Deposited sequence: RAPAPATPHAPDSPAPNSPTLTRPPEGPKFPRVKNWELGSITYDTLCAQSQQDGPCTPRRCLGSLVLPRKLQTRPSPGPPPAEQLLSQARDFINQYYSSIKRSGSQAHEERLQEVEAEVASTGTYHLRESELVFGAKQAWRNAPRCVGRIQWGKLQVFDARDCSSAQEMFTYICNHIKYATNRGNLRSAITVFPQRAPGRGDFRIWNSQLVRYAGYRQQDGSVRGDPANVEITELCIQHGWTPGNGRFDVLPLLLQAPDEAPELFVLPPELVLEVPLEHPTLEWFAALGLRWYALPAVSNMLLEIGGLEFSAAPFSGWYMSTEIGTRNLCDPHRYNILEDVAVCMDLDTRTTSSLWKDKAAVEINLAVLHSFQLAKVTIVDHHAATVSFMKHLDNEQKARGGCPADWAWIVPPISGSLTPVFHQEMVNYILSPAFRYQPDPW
């Protein structure tokens, strides 16, 4: 039942007992493992009531008050509310606890050592796209903090039986436009072609740069989404230069400070928050490796290799591997110079190892998706490569949800 989990570098073993608490099926079966798939194929009062209770039980236990008067009364409130209305509402403190727990539970997140330090903005009294914009701006300002980045989440109104969802259409709060050219290519970020086109269509005046910050498309229930331009002074950006390579700065490369996911659903106690954007700070491989070097992203390896005068003719010269290292170094150097928070993949994975150990003591296990935890360069050079990991779904949870269009 309970899996033995081994670290191969140190030869140590733990047993994951926490997985017995999963109530939600992942994609694998005994016949075949599907653990490497990015998305699940997937994309009543009795059932809401029991997730509700389980979460309230979670919360009172967290404040050591299991079984107290306050606990029993709270379970009664929840039961009374569901029975009469088919739904219920969380108290602010309960929400706060749920958001941290959803982060704690996120198997794909290597930054979870930070999970206890999360500023939570209650935006549940939001009634318009306009109000959503104000809240999003205050989040960005708080989170950014002149480069001294602070983790945060802002929670818009939950989904309801009657009506359309509150949604942020953009996948992140800051995204660069991707412009489909005649010549079939893309100018800017190819990942954001579809969102750039939705923006233009809803009336945005596009640019023609490689790094034009997109406007937000915000949707109040059952209304057309609305367009809002982020004030340039709120979007902190970092020009990329290299400590020793003078020509690198010439490339004109840059990236934003704030990684803020905005298309994911936050589930707490059976309740669903379809708009609940959250941010921390970047690990440098996200920018240096994936965003700049993925062949379907900015795909800049070749340009850099040529600048370094490397032998591009053959894979055996490891030109790809050499240019990648310098691009990652440029990202770290630049963020450090500009006094904006960043973590390298060695420091991050070492702290994830400490987190694994903390969670083993605290909860008897830690859900983790090895393919997402291990960095996209220098995998086996980090300690997580050598760590077996068990993957499963615990609730509170961040989930993927359909695109609104």
So, counting the deposited sequence from position 1, which segments are absent from the coordinates? 1-28, 72-80
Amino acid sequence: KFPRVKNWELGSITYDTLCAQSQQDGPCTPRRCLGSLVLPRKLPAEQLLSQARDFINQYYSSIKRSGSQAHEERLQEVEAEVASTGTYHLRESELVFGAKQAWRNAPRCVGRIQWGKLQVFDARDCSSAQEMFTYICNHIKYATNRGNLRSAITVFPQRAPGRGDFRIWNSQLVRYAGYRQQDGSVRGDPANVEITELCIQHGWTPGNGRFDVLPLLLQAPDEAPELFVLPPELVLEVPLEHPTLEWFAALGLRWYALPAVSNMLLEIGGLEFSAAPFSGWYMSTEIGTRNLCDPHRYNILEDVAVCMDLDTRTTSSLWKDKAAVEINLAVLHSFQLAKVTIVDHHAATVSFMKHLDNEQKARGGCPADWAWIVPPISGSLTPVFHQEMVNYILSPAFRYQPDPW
From here on, numbers count along this sequence of modelled residues.
Selected stretch [higher average CA B-factor]: 147-155 or 241-249: 241-249
Residue stretch of maximal mean CA temperature factor, 334-342 vs 64-72: 64-72
Maximum C-alpha temperature factor per the entry, among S351, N57, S380, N358, belongs to which one? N57
For the listed residues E94, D311, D321, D122, which one has the largest C-alpha B-factor as given in the deposited model? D311
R112: which third of its chain by C-alpha temperature factor? lowest
If you rank every modelled residue in this chain by C-alpha B factor, which third holds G280: lowest, middle or highest? lowest
Among the modelled residues of this chain, does the Cα B factor of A20 put it in the lowest, middle or highest third? highest
Which third of the chain does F398 land in by C-alpha B-factor: lowest, middle or highest? lowest
Lowest, middle or highest third: where is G98 by Cα B-factor in its chain? lowest
